[PDB]
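Worksheet: one structure, shown below.
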Amino acid sequence: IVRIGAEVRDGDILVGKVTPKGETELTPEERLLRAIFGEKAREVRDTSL
Amino acid sequence: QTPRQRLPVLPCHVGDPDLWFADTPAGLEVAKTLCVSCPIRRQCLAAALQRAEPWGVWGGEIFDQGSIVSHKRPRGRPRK
Amino acid sequence: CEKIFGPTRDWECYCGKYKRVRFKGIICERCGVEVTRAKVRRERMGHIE
Amino acid sequence: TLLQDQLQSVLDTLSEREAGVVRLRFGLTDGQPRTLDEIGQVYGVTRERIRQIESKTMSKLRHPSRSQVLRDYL
Amino acid sequence: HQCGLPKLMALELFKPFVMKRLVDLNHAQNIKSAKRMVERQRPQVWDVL
DNA sequence: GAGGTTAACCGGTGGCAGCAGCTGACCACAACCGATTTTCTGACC
DNA sequence: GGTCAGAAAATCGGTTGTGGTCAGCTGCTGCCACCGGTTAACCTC
Ligand code: SF4
Ligand SMILES: [Zn+2]
């Protein structure tokens with residue numbers, strides 16, 4: 001959560017919470033793009049306040 | 001009218017990309033000199049170093065199948 | 001019953017073998033279902049005998 | 001949908017042999033990928049030559065000069 | 001024939017139109033970048049709007 | 001007054017996931033060589 | 001004072017080779033879900 005006194009604006013993050021979404025199947029196009037860019041699979045889904 | 005990022009400033013993708021894979025050492029010299037004006041030669045060169053490029057101009061530098069080259073020899077007998 | 005009222009995911013047969021859009025309208029002898037969209041659960045009718 | 005169209009355009013910016021090699025490698029024309037020697041069989045060269053072409057083509061696609069349009073599609 | 005409109009409402013109302021226009025003026029090269037720019041309310045959106 | 005009964009408890013089956021060991025498909029890479037083809041040099045004298 | 005000829009590149013392409021690694025396959029390993037037999041608890045012939 002944010003610090004006390006931190007001025008916020010519209011839509012900013014107040015609590016950083018990320019949920020285990022499990023693993024779903026992958027489109028071949030997303031597979032190709034992930035092979036191109038080389039990133040984490042990101043097996044969790046963000047639900048932030 | 002654009003107000004975009006530094007992508008047209010970025011001299012990697014200004015012209016034809018196949019120029020950057022020139023099959024002539026002279027033909028890629030323009031490409032290598034074109035990244036003298038590149039803002040991001042350090043991180044790009046570092047990324048190309050760590051990812052073990054097989055080919056092409058990278059960070060203002062050509063790459064062999066494994067590593068860095070001075071510059072490729074052309075076809076024919078090497079000189080003295 | 002998925003065999004009657006269609007599948008529950010988009011082009012997903014029930015055992016899990018056929019999962020591709022290249023398969024379409026193909027009934028699967030192992031699981032029983034026909035590969036199609038999950039929208040057919042809106043309008044597929046059954047009857048009681 | 002815009003990602004698919006941009007992918008088709010950038011895939012067609014390169015030549016047809018490596019283009020169909022990538023298409024058969026990733027199932028972008030049928031939904032089913034092929035083995036390396038399968039692609040080598042349906043083209044006409046050996047699978048190691050296929051692998052060299054595939055690796056250098058993957059590097060060419062990885063290059064920023066063609067990754068400009070796909071830099072921030074994630 | 002005129003009527004007023006507050007900008008924090010009209011920006012929300014005309015959001016896809018302004019997304020298309022500020023992609024066409026290259027202030028954001030993709031739709032997700034346009035959406036984040038509209039959410040953060042960067043000052044170019046008024047002259048587009 | 002145990003006879004007869006009774007919820008639960010107490011052996012006794014088939015189903016299934018694991019699961020470690022066993023293939024062969026299939027790729028990594030690695031050299032490595034092989035025609036090709038320039039092309040430079042190298043004596044002829 | 002030209003002149004084939006050789007050496008040595010690189011470049012696309014086989015090759016071999018080989019090594020490993022993993023998808024999966026599948027017979028033991030063992031546990032887990034019905035099925036019902038039995039065993040101490042309730043109502044009074
Ligand atoms: S290779 Fe050089 S010029 Fe091209 S994008 Fe990378 S850093 Fe910039
Ligand atoms: Zn099935």
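Labels for the structure tokens follow display order: chains A, B, ..., residues from 1 in each chain, ligands from 1.
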>> as a ChimeraX atom specification, please: the residues near residue 44 in chain F (cut-off 12 Å, only C-alpha atoms (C1' of nucleotides), same-chain neighbours under 4 positions excluded).
In response: /G:1-5
>> Need the shell around residue 3 in chain F: protein/DNA/RNA residues with any atom at most 9 Å away, counting only C-alpha atoms (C1' of nucleotides). Skip same-chain ones fewer than 2 positions apart. Format as a PyMOL selection string?
In response: (chain F and resi 1+5) or (chain G and resi 45)
Taking C-alpha atoms (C1' of nucleotides) for each residue, export the selection above as a PDB file, in the first residue's frame.
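Done, and the output landed in part_3.pdb:
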```
ATOM      1  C1'  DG F   1     -35.041 -61.744  29.195  1.00  0.00           C
ATOM      2  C1'  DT F   5     -34.075 -55.050  15.797  1.00  0.00           C
TER       3       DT F   5
ATOM      4  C1'  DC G  45     -42.591 -60.971  21.987  1.00  0.00           C
TER       5       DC G  45
END
```
>> I need the contact residues of chain E against chain A, so if you could list those with any atom within 10 Å, counting only C-alpha atoms, and return them as a ChimeraX atom specification, that would help.
In response: /E:39-41
N, CA, C and O atoms of the current selection, written as a compact mmCIF listing (two decimals), in the first residue's frame:
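Generated output (selection.txt):
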```txt
# COMPACT_ATOMS: atom_id res chain seq x y z
N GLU E 39 -6.53 7.76 -20.03
CA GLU E 39 -6.74 7.57 -18.60
C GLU E 39 -5.87 8.50 -17.76
O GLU E 39 -6.33 9.03 -16.75
N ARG E 40 -4.63 8.71 -18.17
CA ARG E 40 -3.79 9.64 -17.44
C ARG E 40 -4.08 11.10 -17.78
O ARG E 40 -3.56 11.98 -17.09
N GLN E 41 -4.88 11.34 -18.83
CA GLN E 41 -5.39 12.66 -19.21
C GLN E 41 -4.26 13.64 -19.53
O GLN E 41 -4.18 14.74 -18.99
```
>> Show me which residues are within 6 Å of ligand 2 counting only C-alpha atoms (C1' of nucleotides) and all ligand atoms, and format the list as a list in words.
In response: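 For ligand 2, the residues inside 6 Å are residues 13, 14, 15, 16, 28, 30, 31 and 32 of chain C.
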Quick one: contact table of chain B to ligand 1, 9 Å max, nearest atom pair and distance in Å to one decimal per residue, counting only C-alpha atoms and all ligand atoms, chain and number order, as JSON lines?
```
{"residue": "B:10", "atom": "CA", "partner": "ligand 1", "partner_atom_place_in_ligand_line": "8 (Fe)", "distance": 6.2}
{"residue": "B:11", "atom": "CA", "partner": "ligand 1", "partner_atom_place_in_ligand_line": "3 (S)", "distance": 5.2}
{"residue": "B:12", "atom": "CA", "partner": "ligand 1", "partner_atom_place_in_ligand_line": "4 (Fe)", "distance": 3.6}
{"residue": "B:13", "atom": "CA", "partner": "ligand 1", "partner_atom_place_in_ligand_line": "5 (S)", "distance": 7.1}
{"residue": "B:20", "atom": "CA", "partner": "ligand 1", "partner_atom_place_in_ligand_line": "4 (Fe)", "distance": 8.5}
{"residue": "B:31", "atom": "CA", "partner": "ligand 1", "partner_atom_place_in_ligand_line": "3 (S)", "distance": 8.0}
{"residue": "B:32", "atom": "CA", "partner": "ligand 1", "partner_atom_place_in_ligand_line": "3 (S)", "distance": 7.6}
{"residue": "B:33", "atom": "CA", "partner": "ligand 1", "partner_atom_place_in_ligand_line": "3 (S)", "distance": 8.5}
{"residue": "B:34", "atom": "CA", "partner": "ligand 1", "partner_atom_place_in_ligand_line": "3 (S)", "distance": 6.4}
{"residue": "B:35", "atom": "CA", "partner": "ligand 1", "partner_atom_place_in_ligand_line": "3 (S)", "distance": 3.6}
{"residue": "B:36", "atom": "CA", "partner": "ligand 1", "partner_atom_place_in_ligand_line": "3 (S)", "distance": 7.1}
{"residue": "B:37", "atom": "CA", "partner": "ligand 1", "partner_atom_place_in_ligand_line": "3 (S)", "distance": 7.3}
{"residue": "B:38", "atom": "CA", "partner": "ligand 1", "partner_atom_place_in_ligand_line": "8 (Fe)", "distance": 4.9}
{"residue": "B:39", "atom": "CA", "partner": "ligand 1", "partner_atom_place_in_ligand_line": "8 (Fe)", "distance": 6.8}
{"residue": "B:40", "atom": "CA", "partner": "ligand 1", "partner_atom_place_in_ligand_line": "7 (S)", "distance": 4.9}
{"residue": "B:41", "atom": "CA", "partner": "ligand 1", "partner_atom_place_in_ligand_line": "7 (S)", "distance": 3.6}
{"residue": "B:42", "atom": "CA", "partner": "ligand 1", "partner_atom_place_in_ligand_line": "7 (S)", "distance": 6.8}
{"residue": "B:43", "atom": "CA", "partner": "ligand 1", "partner_atom_place_in_ligand_line": "7 (S)", "distance": 7.2}
{"residue": "B:44", "atom": "CA", "partner": "ligand 1", "partner_atom_place_in_ligand_line": "7 (S)", "distance": 4.6}
{"residue": "B:45", "atom": "CA", "partner": "ligand 1", "partner_atom_place_in_ligand_line": "7 (S)", "distance": 6.1}
{"residue": "B:47", "atom": "CA", "partner": "ligand 1", "partner_atom_place_in_ligand_line": "6 (Fe)", "distance": 9.0}
{"residue": "B:48", "atom": "CA", "partner": "ligand 1", "partner_atom_place_in_ligand_line": "6 (Fe)", "distance": 8.4}
{"residue": "B:56", "atom": "CA", "partner": "ligand 1", "partner_atom_place_in_ligand_line": "1 (S)", "distance": 8.6}
{"residue": "B:57", "atom": "CA", "partner": "ligand 1", "partner_atom_place_in_ligand_line": "1 (S)", "distance": 5.6}
{"residue": "B:58", "atom": "CA", "partner": "ligand 1", "partner_atom_place_in_ligand_line": "1 (S)", "distance": 3.6}
{"residue": "B:59", "atom": "CA", "partner": "ligand 1", "partner_atom_place_in_ligand_line": "2 (Fe)", "distance": 3.2}
{"residue": "B:60", "atom": "CA", "partner": "ligand 1", "partner_atom_place_in_ligand_line": "2 (Fe)", "distance": 4.1}
{"residue": "B:61", "atom": "CA", "partner": "ligand 1", "partner_atom_place_in_ligand_line": "1 (S)", "distance": 6.9}
{"residue": "B:62", "atom": "CA", "partner": "ligand 1", "partner_atom_place_in_ligand_line": "1 (S)", "distance": 8.6}
```
Next, dump the selected residues to file, keeping only N, CA, C and O atoms, as a compact mmCIF listing (two decimals), in the first residue's frame.
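The resulting part08.txt:
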```txt
# COMPACT_ATOMS: atom_id res chain seq x y z
N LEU B 10 15.22 7.45 -33.57
CA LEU B 10 15.88 6.16 -33.53
C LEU B 10 16.33 5.74 -34.92
O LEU B 10 15.49 5.41 -35.76
N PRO B 11 17.64 5.74 -35.20
CA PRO B 11 18.10 5.48 -36.56
C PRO B 11 18.15 4.01 -36.91
O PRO B 11 18.66 3.68 -37.98
N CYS B 12 17.69 3.12 -36.04
CA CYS B 12 17.56 1.73 -36.44
C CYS B 12 16.51 1.59 -37.54
O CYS B 12 16.80 1.06 -38.62
N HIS B 13 15.31 2.10 -37.33
CA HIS B 13 14.19 1.80 -38.22
C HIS B 13 13.82 2.98 -39.11
O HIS B 13 12.65 3.22 -39.41
N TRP B 20 20.29 -3.29 -43.27
CA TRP B 20 21.00 -3.64 -42.05
C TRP B 20 21.50 -5.07 -42.06
O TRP B 20 22.22 -5.47 -41.14
N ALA B 31 25.25 1.50 -42.68
CA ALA B 31 24.40 1.06 -41.58
C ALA B 31 25.12 1.17 -40.24
O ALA B 31 24.52 1.58 -39.24
N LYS B 32 26.40 0.82 -40.21
CA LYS B 32 27.14 0.89 -38.95
C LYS B 32 27.37 2.34 -38.54
O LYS B 32 27.27 2.68 -37.36
N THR B 33 27.66 3.21 -39.51
CA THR B 33 27.81 4.62 -39.20
C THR B 33 26.49 5.28 -38.87
O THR B 33 26.48 6.36 -38.28
N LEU B 34 25.37 4.68 -39.27
CA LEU B 34 24.10 5.31 -38.99
C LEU B 34 23.74 5.23 -37.52
O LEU B 34 23.04 6.11 -37.01
N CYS B 35 24.21 4.21 -36.81
CA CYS B 35 24.00 4.18 -35.37
C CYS B 35 25.03 4.94 -34.59
O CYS B 35 25.07 4.78 -33.37
N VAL B 36 25.88 5.73 -35.24
CA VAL B 36 26.67 6.68 -34.46
C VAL B 36 25.75 7.73 -33.85
O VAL B 36 25.99 8.21 -32.74
N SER B 37 24.64 8.04 -34.52
CA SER B 37 23.63 8.95 -34.01
C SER B 37 22.53 8.24 -33.23
O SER B 37 21.38 8.71 -33.23
N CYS B 38 22.83 7.14 -32.59
CA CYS B 38 21.75 6.44 -31.90
C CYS B 38 21.79 6.73 -30.42
O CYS B 38 22.87 6.72 -29.81
N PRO B 39 20.65 7.03 -29.81
CA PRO B 39 20.66 7.33 -28.37
C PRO B 39 20.93 6.12 -27.51
O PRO B 39 21.37 6.27 -26.37
N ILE B 40 20.69 4.92 -28.03
CA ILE B 40 20.56 3.77 -27.16
C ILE B 40 21.57 2.69 -27.49
O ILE B 40 21.28 1.50 -27.32
N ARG B 41 22.76 3.08 -27.94
CA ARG B 41 23.76 2.11 -28.37
C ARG B 41 24.27 1.24 -27.24
O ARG B 41 24.67 0.10 -27.49
N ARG B 42 24.21 1.73 -26.00
CA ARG B 42 24.75 0.97 -24.88
C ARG B 42 23.86 -0.21 -24.55
O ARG B 42 24.32 -1.36 -24.51
N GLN B 43 22.58 0.05 -24.30
CA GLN B 43 21.66 -1.01 -23.93
C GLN B 43 21.39 -1.95 -25.09
O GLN B 43 21.27 -3.17 -24.89
N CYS B 44 21.32 -1.42 -26.31
CA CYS B 44 21.15 -2.26 -27.49
C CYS B 44 22.36 -3.15 -27.71
O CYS B 44 22.22 -4.35 -27.96
N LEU B 45 23.55 -2.56 -27.62
CA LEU B 45 24.78 -3.33 -27.77
C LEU B 45 24.90 -4.38 -26.67
O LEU B 45 25.31 -5.52 -26.93
N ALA B 47 22.37 -5.78 -25.02
CA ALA B 47 21.36 -6.79 -25.26
C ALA B 47 21.81 -7.75 -26.35
O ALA B 47 21.65 -8.97 -26.22
N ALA B 48 22.41 -7.21 -27.40
CA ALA B 48 22.94 -8.04 -28.47
C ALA B 48 24.11 -8.88 -28.00
O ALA B 48 24.30 -10.00 -28.49
N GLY B 56 23.96 -9.69 -38.28
CA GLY B 56 23.44 -8.37 -38.53
C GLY B 56 24.11 -7.27 -37.72
O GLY B 56 24.96 -7.51 -36.86
N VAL B 57 23.70 -6.05 -38.03
CA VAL B 57 24.20 -4.85 -37.36
C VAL B 57 23.48 -4.69 -36.04
O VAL B 57 22.25 -4.72 -35.99
N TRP B 58 24.24 -4.51 -34.97
CA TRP B 58 23.64 -4.48 -33.64
C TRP B 58 24.42 -3.52 -32.77
O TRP B 58 25.62 -3.70 -32.57
N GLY B 59 23.73 -2.51 -32.24
CA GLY B 59 24.40 -1.50 -31.44
C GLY B 59 25.39 -0.67 -32.22
O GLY B 59 26.34 -0.14 -31.64
N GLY B 60 25.19 -0.54 -33.53
CA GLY B 60 26.24 -0.01 -34.38
C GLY B 60 27.42 -0.94 -34.49
O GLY B 60 28.57 -0.48 -34.50
N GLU B 61 27.17 -2.24 -34.59
CA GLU B 61 28.25 -3.21 -34.69
C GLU B 61 27.70 -4.48 -35.33
O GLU B 61 26.60 -4.92 -34.99
N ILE B 62 28.45 -5.05 -36.26
CA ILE B 62 28.05 -6.31 -36.85
C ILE B 62 28.36 -7.45 -35.88
O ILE B 62 29.20 -7.34 -34.98
```
> For chain D, which residues have at least one atom within 10 Å of chain F, if we go by only C-alpha atoms (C1' of nucleotides)? Write them as an MDAnalysis selection string, please.
Replying inline: chainID D and resid 35:37 47:48 51
> Quick one: distance from CA of residue 50 in chain B to CA of residue 63 in chain B in Å, one decimal?
Replying inline: 12.0 Å
>> Only residues of chain E matter here; which ones have an atom within 6 Å of chain B, counting only C-alpha atoms? Give them as an MDAnalysis selection string.
In response: chainID E and resid 25:27
>> What are the residues of chain G lining chain D at 12 Å or less? Count only C-alpha atoms (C1' of nucleotides), and put the answer as a list in words.
In response: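 Result, ordered by chain then number: residues 12, 13, 14, 15 and 16 of chain G.
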How would the residues just chosen look if you wrote them out with C-alpha atoms (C1' of nucleotides) as a PDB file, in the first residue's frame?
```
ATOM      1  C1'  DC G  12      25.034 -22.327 -49.392  1.00  0.00           C
ATOM      2  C1'  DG G  13      24.358 -26.624 -48.380  1.00  0.00           C
ATOM      3  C1'  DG G  14      24.845 -31.615 -46.831  1.00  0.00           C
ATOM      4  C1'  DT G  15      26.482 -34.813 -43.078  1.00  0.00           C
ATOM      5  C1'  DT G  16      27.251 -37.159 -39.324  1.00  0.00           C
TER       6       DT G  16
END
```
With a cut-off of 12 Å, could you pull out the residues of chain A touching chain B and give me the nearest pair of atoms for each, distance in Å to one decimal, using only C-alpha atoms, ordered by chain and ascending number, as a tab-separated table?
```
residue	atom	partner	partner_atom	distance
A:36	CA	B:51	CA	11.7
A:37	CA	B:51	CA	11.3
A:38	CA	B:51	CA	10.1
```
> What's the 12 Å shell around residue 30 in chain G, counting only C-alpha atoms (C1' of nucleotides), without same-chain residues fewer than 2 positions away, as a list in words?
Replying inline: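 The residues that qualify are residues 16, 17, 18 and 19 of chain F; 28 and 32 of chain G.
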What does the file look like for those residues with N, CA and C atoms (P, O5', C5', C4', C3', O3' and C1' of nucleotides), as a PDB file, in the first residue's frame?
```
ATOM      1  P    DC F  16     -11.669 -45.402 -13.484  1.00  0.00           P
ATOM      2  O5'  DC F  16     -10.475 -44.697 -12.690  1.00  0.00           O
ATOM      3  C5'  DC F  16     -10.767 -43.909 -11.541  1.00  0.00           C
ATOM      4  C4'  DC F  16      -9.509 -43.296 -10.952  1.00  0.00           C
ATOM      5  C3'  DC F  16      -8.501 -42.779 -11.974  1.00  0.00           C
ATOM      6  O3'  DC F  16      -7.988 -41.531 -11.552  1.00  0.00           O
ATOM      7  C1'  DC F  16      -7.451 -44.300 -10.515  1.00  0.00           C
ATOM      8  P    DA F  17      -7.529 -40.441 -12.637  1.00  0.00           P
ATOM      9  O5'  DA F  17      -6.210 -39.810 -11.999  1.00  0.00           O
ATOM     10  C5'  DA F  17      -6.217 -39.391 -10.649  1.00  0.00           C
ATOM     11  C4'  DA F  17      -4.875 -39.656 -10.003  1.00  0.00           C
ATOM     12  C3'  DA F  17      -3.670 -39.170 -10.808  1.00  0.00           C
ATOM     13  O3'  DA F  17      -2.905 -38.268 -10.024  1.00  0.00           O
ATOM     14  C1'  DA F  17      -3.368 -41.419 -10.079  1.00  0.00           C
ATOM     15  P    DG F  18      -1.541 -37.629 -10.585  1.00  0.00           P
ATOM     16  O5'  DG F  18      -0.421 -38.610 -10.020  1.00  0.00           O
ATOM     17  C5'  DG F  18      -0.471 -38.998  -8.661  1.00  0.00           C
ATOM     18  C4'  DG F  18       0.579 -40.045  -8.337  1.00  0.00           C
ATOM     19  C3'  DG F  18       2.004 -39.730  -8.788  1.00  0.00           C
ATOM     20  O3'  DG F  18       2.876 -40.166  -7.773  1.00  0.00           O
ATOM     21  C1'  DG F  18       1.389 -41.817  -9.605  1.00  0.00           C
ATOM     22  P    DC F  19       4.359 -39.576  -7.638  1.00  0.00           P
ATOM     23  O5'  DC F  19       5.239 -40.890  -7.414  1.00  0.00           O
ATOM     24  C5'  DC F  19       4.762 -42.154  -7.888  1.00  0.00           C
ATOM     25  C4'  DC F  19       5.725 -42.727  -8.900  1.00  0.00           C
ATOM     26  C3'  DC F  19       6.572 -41.670  -9.612  1.00  0.00           C
ATOM     27  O3'  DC F  19       7.869 -42.163  -9.843  1.00  0.00           O
ATOM     28  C1'  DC F  19       5.475 -42.929 -11.186  1.00  0.00           C
TER      29       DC F  19
ATOM     30  P    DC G  28       3.603 -55.985 -14.453  1.00  0.00           P
ATOM     31  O5'  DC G  28       3.439 -54.981 -13.225  1.00  0.00           O
ATOM     32  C5'  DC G  28       4.009 -55.304 -11.974  1.00  0.00           C
ATOM     33  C4'  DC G  28       4.880 -54.167 -11.481  1.00  0.00           C
ATOM     34  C3'  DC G  28       4.759 -53.874  -9.995  1.00  0.00           C
ATOM     35  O3'  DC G  28       5.894 -53.116  -9.571  1.00  0.00           O
ATOM     36  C1'  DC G  28       3.899 -52.083 -11.137  1.00  0.00           C
ATOM     37  P    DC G  32      -5.901 -42.753   0.347  1.00  0.00           P
ATOM     38  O5'  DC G  32      -6.824 -41.903  -0.640  1.00  0.00           O
ATOM     39  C5'  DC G  32      -6.709 -42.091  -2.042  1.00  0.00           C
ATOM     40  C4'  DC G  32      -8.052 -42.417  -2.664  1.00  0.00           C
ATOM     41  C3'  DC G  32      -9.236 -42.421  -1.700  1.00  0.00           C
ATOM     42  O3'  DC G  32     -10.397 -41.970  -2.379  1.00  0.00           O
ATOM     43  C1'  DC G  32      -9.054 -44.524  -2.697  1.00  0.00           C
TER      44       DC G  32
END
```
>> With only C-alpha atoms considered, list every residue of chain D at most 10 Å from chain A, as a ChimeraX atom specification.
In response: /D:3-4,7,22,25-28,31-33,58-59,61-63,67,70-71,73-74
Quick one: which chain C residues come within 12 Å of chain D, and what is the nearest atom pair for each with the distance in Å to one decimal, counting only C-alpha atoms, rows ordered by chain and ascending number, as a tab-separated table?
```
residue	atom	partner	partner_atom	distance
C:18	CA	D:31	CA	11.4
C:19	CA	D:31	CA	9.9
C:20	CA	D:31	CA	6.6
C:21	CA	D:31	CA	7.2
C:22	CA	D:31	CA	6.4
C:23	CA	D:31	CA	9.4
```
Would you save the residues from that selection as a JSON list (two decimals), in the first residue's frame, using N, CA and C atoms?
```
[["chain", "number", "residue", "atom", "x", "y", "z"],
["C", 18, "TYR", "N", -8.85, -32.52, -29.45],
["C", 18, "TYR", "CA", -9.10, -31.50, -30.45],
["C", 18, "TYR", "C", -9.34, -30.18, -29.75],
["C", 19, "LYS", "N", -8.43, -29.23, -29.96],
["C", 19, "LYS", "CA", -8.54, -27.92, -29.34],
["C", 19, "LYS", "C", -8.28, -26.80, -30.34],
["C", 20, "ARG", "N", -8.35, -27.08, -31.63],
["C", 20, "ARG", "CA", -7.92, -26.15, -32.65],
["C", 20, "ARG", "C", -9.08, -25.76, -33.54],
["C", 21, "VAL", "N", -9.03, -24.52, -34.03],
["C", 21, "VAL", "CA", -10.08, -24.00, -34.89],
["C", 21, "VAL", "C", -10.10, -24.69, -36.25],
["C", 22, "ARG", "N", -8.99, -25.33, -36.63],
["C", 22, "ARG", "CA", -8.99, -26.16, -37.83],
["C", 22, "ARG", "C", -9.97, -27.31, -37.69],
["C", 23, "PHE", "N", -10.10, -27.86, -36.49],
["C", 23, "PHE", "CA", -11.25, -28.69, -36.19],
["C", 23, "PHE", "C", -12.47, -27.81, -36.04]]
```
